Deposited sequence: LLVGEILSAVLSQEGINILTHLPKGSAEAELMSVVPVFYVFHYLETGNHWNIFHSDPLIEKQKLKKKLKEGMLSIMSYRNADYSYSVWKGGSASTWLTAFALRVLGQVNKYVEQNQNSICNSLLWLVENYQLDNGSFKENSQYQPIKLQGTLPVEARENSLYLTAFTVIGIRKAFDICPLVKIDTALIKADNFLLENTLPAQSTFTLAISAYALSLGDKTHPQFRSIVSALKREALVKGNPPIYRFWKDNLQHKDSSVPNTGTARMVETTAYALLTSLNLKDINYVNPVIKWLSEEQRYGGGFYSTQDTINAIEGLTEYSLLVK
């Protein structure tokens, strides 16, 4: 299976073997510990692969649900009184981290129900204190647009993953405004990374918008391939006209960009286009299931899991 590494690693109660250093006691480290447990539960439940266990299906499902629930309680330790989240307990709030927590909790809600009011509070904190008038998001106190495009896309991903839990008009409006910022400022692109994160974020909303389809086509025109017809397909983080070389080895930003390209394409149901992409991702995966860093790892695992549910 494509999801074999994380499945084996989660069932063994071991780490997924991400290469990068995650500082002890950081919110990101705790969020990344629950990440692989969710995608496993999500694969087994949605794909109906409790058959895998020949012992007791109901007992094993409960055992994973407990681990999932223990991860939730740990994440809550980083929550502030205003329902924002901090990277370190007692440190200042981060819009980025709050958006990352909403993505994880929004996804986990599917199988372990979150406190609806708590999620609402976090979403409203995010939208009312850190969205600018132009619809972009800012963090707590050419290069500016790139930073704004990144954080907005990243924040939109978090909001979209938690939206159905708290579909308030203030939040709906914030998404409309944030999506419009991305639609208006993504092309002409400055990097494939920023283009890819914008594309994936927009793919979680209105997939019929004409400028979303131009953004996606611009991303597809940055594709690197091996073979004729392509056996592998992937993306690097810099645009061809800025750096026209071909890469010799993998990087974190390469896997992350590729992952966002994959997730965008799966949301458009483009199953023919994706097979060479998963092939490449499958070979970049390490023993354990992790990749280079946290964000390339989360999105790559999501891509592999959603592909496996769509195809098998």
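Counting the deposited sequence from 1, the single stretch lacking C-alpha coordinates is 142-153.
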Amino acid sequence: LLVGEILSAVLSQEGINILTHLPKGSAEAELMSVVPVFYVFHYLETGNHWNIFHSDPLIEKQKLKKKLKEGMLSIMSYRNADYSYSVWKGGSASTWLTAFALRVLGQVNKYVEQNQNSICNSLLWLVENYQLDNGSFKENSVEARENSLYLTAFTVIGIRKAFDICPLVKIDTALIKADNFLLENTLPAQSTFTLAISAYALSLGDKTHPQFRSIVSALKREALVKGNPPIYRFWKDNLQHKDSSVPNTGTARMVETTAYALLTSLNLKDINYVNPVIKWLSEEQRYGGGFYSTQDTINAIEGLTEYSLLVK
From here on, numbers count along this sequence of modelled residues.
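For the pair 42-50 and 246-254, the mean B factor over Cα atoms is greater in 42-50. Stretches 269-277 and 56-64 differ in mean CA B factor, with 56-64 having the higher one. Per the deposited coordinates, the residue with the largest Cα temperature factor out of 164, 237, 113, 222 is 113. Within the selection 203, 191, 141, 185, the deposited Cα B-factor values reach their highest point at 141. Per the deposited record, the Cα B-factor of residue 153 falls in the lowest third when ranked against the other modelled residues of its chain.
For residue 37, the recorded CA B-factor ranks within the middle third of the chain. Only modelled residues enter the ranking. In the PDB entry, residue 289 places in the highest third of its chain by CA B-factor. Per the deposited record, the Cα B-factor of residue 181 falls in the lowest third when ranked against the other modelled residues of its chain. In this PDB entry, residue 19 carries a Cα temperature factor that places it within the highest third of its chain's modelled residues.
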